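Just so you know, the first sequence maps onto residues 3 to 714, 716 to 766, 776 to 1012, 1031 to 1052, 1057 to 1243, 1246 to 1366 in the deposited numbering.
Beta carbons are placed, not taken as given, at the ideal position from N, Cα and C, and that holds for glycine.
Worksheet: the structure to be examined is printed underneath.
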Amino acid sequence: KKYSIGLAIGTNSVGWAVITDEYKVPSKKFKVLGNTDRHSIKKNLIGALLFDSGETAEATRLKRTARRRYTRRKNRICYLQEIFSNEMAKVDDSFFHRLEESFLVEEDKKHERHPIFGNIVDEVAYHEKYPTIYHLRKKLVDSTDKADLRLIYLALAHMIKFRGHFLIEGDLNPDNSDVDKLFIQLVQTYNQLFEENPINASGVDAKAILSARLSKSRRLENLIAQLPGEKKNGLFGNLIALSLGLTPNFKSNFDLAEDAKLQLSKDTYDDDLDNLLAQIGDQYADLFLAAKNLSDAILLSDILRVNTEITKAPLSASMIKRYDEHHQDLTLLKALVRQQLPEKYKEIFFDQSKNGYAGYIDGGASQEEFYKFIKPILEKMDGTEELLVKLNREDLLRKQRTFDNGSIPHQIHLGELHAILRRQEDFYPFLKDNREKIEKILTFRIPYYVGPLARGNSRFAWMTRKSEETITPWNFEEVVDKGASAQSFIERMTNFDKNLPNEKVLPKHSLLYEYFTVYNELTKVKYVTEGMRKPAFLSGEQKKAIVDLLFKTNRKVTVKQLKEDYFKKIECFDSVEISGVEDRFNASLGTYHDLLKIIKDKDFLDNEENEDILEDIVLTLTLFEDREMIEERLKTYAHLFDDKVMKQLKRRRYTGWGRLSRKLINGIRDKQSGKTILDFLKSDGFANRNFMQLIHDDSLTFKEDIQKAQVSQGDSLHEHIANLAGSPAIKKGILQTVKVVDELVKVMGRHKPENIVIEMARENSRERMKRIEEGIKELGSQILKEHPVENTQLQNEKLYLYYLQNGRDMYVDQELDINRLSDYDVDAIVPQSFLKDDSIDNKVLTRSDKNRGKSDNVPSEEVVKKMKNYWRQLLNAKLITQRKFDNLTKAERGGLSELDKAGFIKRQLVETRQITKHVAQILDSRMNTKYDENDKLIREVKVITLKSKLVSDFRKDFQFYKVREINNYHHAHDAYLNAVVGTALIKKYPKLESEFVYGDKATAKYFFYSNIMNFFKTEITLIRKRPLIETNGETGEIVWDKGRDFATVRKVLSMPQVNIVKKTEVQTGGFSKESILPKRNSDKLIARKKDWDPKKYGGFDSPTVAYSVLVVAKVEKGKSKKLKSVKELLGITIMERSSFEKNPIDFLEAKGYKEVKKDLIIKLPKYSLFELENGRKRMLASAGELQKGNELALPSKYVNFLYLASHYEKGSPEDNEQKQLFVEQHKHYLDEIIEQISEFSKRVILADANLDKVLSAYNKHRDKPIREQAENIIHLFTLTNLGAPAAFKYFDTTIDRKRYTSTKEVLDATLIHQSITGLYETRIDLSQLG
RNA sequence: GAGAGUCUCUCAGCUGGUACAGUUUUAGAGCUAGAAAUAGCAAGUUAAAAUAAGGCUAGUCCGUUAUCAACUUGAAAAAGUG
DNA sequence: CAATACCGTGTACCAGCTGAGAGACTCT
DNA sequence: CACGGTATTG
Ligand SMILES: [K+]
Ligand SMILES: [K+]
Ligand SMILES: [K+]
Ligand SMILES: [K+]
Ligand SMILES: [K+]
Ligand SMILES: [K+]
Ligand SMILES: [K+]
Ligand SMILES: [K+]
Ligand SMILES: [K+]
Ligand SMILES: [K+]
Ligand SMILES: [K+]
Ligand SMILES: [K+]
Ligand SMILES: [Mg+2]
Ligand SMILES: [Mg+2]
């Protein structure tokens, strides 16, 4: 028996079908195991496996790292307490015990309830003196008196526990950067460089203007207004803007050709500045560094809002300023509300449920919600002007612990810590001896290139130790091998050379690698002149001269430079034609020029004797990121360079790795020639062979040595699937598809199919907001100031396009109107009739698509000439990608050629994604295993890959319409159709095997691939007809009988029995919801620690059931404890699972059950299937809830009527009228549809209230247009859909979900265990238990 | 058809180092009039601790990804069964 | 046992490696 | 998000 398999691989479904030679789906009797009446069952060989989406590893990672975070912060606190141990025991022998048990209720505390001092008087006195921890911090920093050791510990521990970020390197002092003085020094430098045009900065209060709580451009405008005759876009204005963090363009200032866009926040700035300094000289360096100092001062003034000369604790002083202004403004507001609005005082200051001050301090209202609740109250009253100013400033009634404290560097807390230590070490010797230890506890963080400090039990760790002892912050450098660990951090992730699998790949910025790339590109260049008969290669001498003259003096080498600076200067050619390179050479010797600028010794770089050294240098600069370690490694070359050069080298860092090893490039040599690959690239006679030719040339030993260098352990199926590149969800689909195919082959008597057809489906507002913000601030536009928008709003396609286009038409140089977006047009850059791309990367917002030009191509040349500069501005602002820009500008490059259109249609039909090829390879290597007499693979099974458009057009052309919302059958159906089309297609044109089977003029191919599917049609327009029977031309075998086979497909799509199977899965992941709920009298609360009784301490609820368990046992009853037989579902929770599996009997007996029938324990994962009466089916949602378990097999006529009537997705107007006439002639179908649903709901769904409401809603809108009634009947199928119940809407009526909140009935129903395909079953009558 | 290097991007996956909030219990003596229910008023900004229960391998480590119908033999990994 | 309604930890930064989609140059 | 847990009302 011959058959083929159709597969439909999705992210939540794998559809499968089996077809015969006639495109029929077989049906078998399958054995049914179990204890029921039924010994066998009839099954069609079509169905679909359904599963929950596979999840990535990200969330797990973030939780794991948060875990390490909390562990290490606790360890810091433990280090500090161990330092304070003895002297604190001398002063108060229970302080740390009181701190530890602070969380406990006084009933469970072992010591006094007042943490700090242990008696109420002292505690109240403390809090009255220091209402916030910042008061105590400022006191301990500024005062000179001896202080209580407990208060010292509290300050230092608060600093260590919340120590602040590490985004700034080096040290930082409070008065290191004062805005006034740095602005004055910037004015000094500017007037030193520009004596003829000086600025009068007298009377300009730079402090308040730059350190104001305002946007960057607003403070810029403020300071520029204070300087008459100076504009914000002049030189000084741009310097201030760069200080304020904007993106100034110094081009117009210095009359530059290169766009000198400088933004200090960028990683490129260090280069972007130097590049600029290359054009205007080094006299301007002092200026551009004074501006950077000013920027640092402004950044600090953001955080420290107090004078740094009255205290050494500017941060704590600013927190105390927050507290004092909170107190004053709260007193004023209370008085104001007492006087003017005395009825609202209670709602404002007593009601936690409201977003007033009560909800702000005691409830759950945030600063933002509080400001929103209290702004109208302030505007409504009199005397609230300053309060409203502070509110719009986001500085009213501030707390100290807020969301925006993430700005605080750790250097600040460190300064305060160091100050306290210097104060109190005069009174405590142990603080003098352990000052640096405590400072280190604060400053030290495990380096990212070292990872978890494990000892052989972490699967994530790679760190290597210099000595075997406990790692502490004070011996890290001596116990951890920072060098070996930093090296392993990279060498455990970097590729080896595929040609030499034992050799490491070179750094991308290595000098040798760039030499290789340049020579490889340069070897295939060809040139022609007049007297020359034929185009020539460049000789070895010519290539060397072009490298020395051009590539070693210019960063980039254009074609024009090649023509004028070599062929004219050396060869005396006035005209020459070049091939093998266009506009400019892609390769270049960037590292050569970097090192030439740093060391300034060209003869050192050109000397081959230094090659090794240079490589090592670059290696280091690439392998490491810590400048101290780079310095340590380069120390062995300190004698070759000045100290200025060695510092400049330290700062020079590279990222990236190539794809070939040094041994391949310039190591292995050809036996006879004695030359390396690079030696051939430099000079290879008149052949000029490049890398591919070199390693593929049988006359050379490179190919032989590459063959010899190869090595093998083989992955398993699952391991091999896991190591593919792709979403983990699609990978889950791949593995399930393989398992389905294995079962299907086992079904067909271990006979392998003829062909297997596979189709794979295709593949955030915060990201959109970030893109638009960055693009507009880089563009310098004020559209956001004038049109504020939230991230959610950007989910509208037109508004997102409007903003990405700076509010302007993309085809016309004119502004657009937000309030008119509904009148505008979204147009595809390349037409969707060629490239089916609807992404933002191919779409464009324009006033009218007519203005694009002709609709049969790319935007016309006139539009390109008009809009090229605007498009390049959008490109540099990253508001359009380079791909979008190239497509937009293609008309100046000839536009769309006929070859491009042919390729686009081919892409529409021929699958080229790599993940699909990997699926095909897996199935192929699984099925075809034998080799013939020539030791070539015997391809018994042909694996065909199709794209969804083929079967989609098939459905839309032969009226095999699909409606996804009706049921899950469409997946299965898709599979079937694929298997059909696929097979038929390759039977009709066997030459297509090349492009459609795994394994090894433009108008003509356009026409061909556009008409490839016409052999199914009977008549074709653009109007010759076709036979009723389509056969293969050469073999004469029949492939499609247009009078019998369509009937076959219709009968297959009409079959009501389709094996839909929802994959039962144990639940995993978090134990429960994460919210810590307050204490409550409820056994649903779960203790967050072993002794934290939730009735006193609160805790969690809502745990996830890993899997239910059927228990047949006895439970005690009443006060007598009489044993009563029971049969029920106990939900084992994820957190209980290990304990329940280690010993199920003891777990159950501790849960209450006695005399447990151990062998009648049935493990029920989620989606376990139960059948009750009248074919009614339920799936296990949990231990106490059920999901719908039946599919509604709506007949095909109603499906197609719903598709056509609702205008689901056209064709000829005559065919459109015929479809409309069929819809209107079959209007009664509507009622019939309802009837079917009704008969289903009364039989399987059992939601009387919902069904009656839906029937009334349908009988209410019977005067609505047929299209809308059908569109809402589509909604109605949520009532019958398999799975969890959900709420839907019929027109404007809303039907809430009827839930199945009890699982008692399934305990007497028939449990059904299904194989992956649902063909094999085991049925268990549960009524026979108990 | 199957690929390779380079260039210009774009998306994705995987790992590590940190920070700020949030929440929970306790501590920040509420006062007065009332026997009480309650009413009037004062006050509020902070800290400690926990942040998957926990585990043994005891590390400044690990604990939410992937994988899983049923049945026999299996100790388990497996393999086999219509 | 009803319907029935409400609720669900979030944000930010820094460092790195890999594949792959798509346009272009050169090739097996 | 959905869809399972939870309390409320009855
Ligand atoms: K006690
Ligand atoms: K001015
Ligand atoms: K709050
Ligand atoms: K807080
Ligand atoms: K080029
Ligand atoms: K590096
Ligand atoms: K030196
Ligand atoms: K899972
Ligand atoms: K390539
Ligand atoms: K209290
Ligand atoms: K599992
Ligand atoms: K199953
Ligand atoms: Mg812990
Ligand atoms: Mg906190």
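- Taking non-hydrogen atoms of ligand 1 into account, the C-beta of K111 is found less than 7 Å away from one of them.
- With the criterion CB distance below 7 Å from any heavy atom of ligand 13, the matching residues run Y72 and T73 along the chain.
- With a threshold of 7 Å, the Cβ atom of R403 counts as near ligand 14, since some heavy atom of the ligand is closer than that.
- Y359 has its CB no nearer than 7 Å to any heavy atom of ligand 3.
- The residue from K1300, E874, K913 and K649 with its alpha-carbon nearest to that of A1034 is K913.
- By the beta-carbon neighbour count (other beta carbons within 10 angstroms, threshold 16), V1073 is buried.
- Runs of the beta strand (DSSP E) lying entirely within the segment 828-884 and spanning at least 3 residues, in chain order: 837-840 and 855-858.
- The DSSP-derived three-state label of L1203 is strand.
- With a threshold of 7 Å, the Cβ atom of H641 counts as near ligand 7, since some heavy atom of the ligand is closer than that.
- No heavy atom of ligand 1 is found nearer than 7 Å to the CB of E84.
- Three or more beta-carbon pairs separated by less than 8 Å are not found between the segment 539-556 and the segment 491-508, which leaves the two stretches without contact.
- Assigned with DSSP and collapsed to three states, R938 falls in helix.
- DSSP places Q1350 within a strand segment (E or B) once states are collapsed to three.
- Annotation for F32: the continuous beta strand (DSSP E) segment containing it runs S29 to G36.
- Shown here for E114: same chain residues with a beta carbon closer than 6 Å to its own, the five before and five after excluded, namely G120 in chain order.
- By the Cβ test, the segment 207-218 is in contact with the segment 295-307, since at least three Cβ pairs between them sit closer than 8 Å.
- Inter-residue distance for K1334 and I1281 is about 9 Å (C-alpha atoms, whole angstroms).
- Ranked by Cα distance from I1110, the first of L1119, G1104, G1103 and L502 is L1119.
- Look at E388: its beta carbon is at least 7 Å from all of the heavy atoms in ligand 1.
- Counting only residues of its own chain and dropping the five nearest sequence neighbours on each side, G358 has a CB closer than 8 Å to the CB of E349, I350, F351, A367, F372, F375 and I376.
- Restricting attention to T445, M1089, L444 and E471, the CA atom closest to the CA of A456 is found in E471.
- For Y362, the distance from the CB to the nearest heavy atom of ligand 3 is below 7 Å.
- When the alpha-carbon of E381 is set against those of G361, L343 and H129, the nearest one is in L343.
- About 35 Å separates the CB atoms of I1331 and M763; that is not less than 8 Å, and the two are not in contact.
- Between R671 and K677 a beta carbon distance of about 6 Å is seen, short of the 8 Å cut, so the two are scored as contacting.
- The beta carbon of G485 sits closer than 7 Å to those of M631, all from its chain and outside the five residues before and after it, given in chain order.
- In the displayed model, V482 falls within a strand according to three-state DSSP.
- In terms of CA proximity to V530, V578 leads the group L623, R586 and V578.
- When the five nearest sequence neighbours on each side are left out, the beta carbons in the same chain lying within less than 8 Å of the beta carbon of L225 are those of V206, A208, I211, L212 and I242, in order along the chain.
- Secondary structure of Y529 (DSSP, three-state): strand.
- Assigned with DSSP and collapsed to three states, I927 falls in helix.
- Annotation: the segment 1274-1357 contains the following complete segments of the beta strand (DSSP E) (minimum length 3 residues), in chain order: 1324-1326, 1329-1331 and 1346-1350.
- Rounded to the nearest whole angstrom, the C-alpha separation of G385 and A337 is 11 Å.
- Proximity of the beta carbon of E108 to ligand 1 is indicated: a heavy atom of the ligand is located closer than 7 Å.
- Ranked by Cα distance from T519, the options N668, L598, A640 and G533 are led by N668.
- When distances are taken from the beta-carbon of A299 to the heavy atoms of ligand 3, even the shortest one reaches 7 Å or more.
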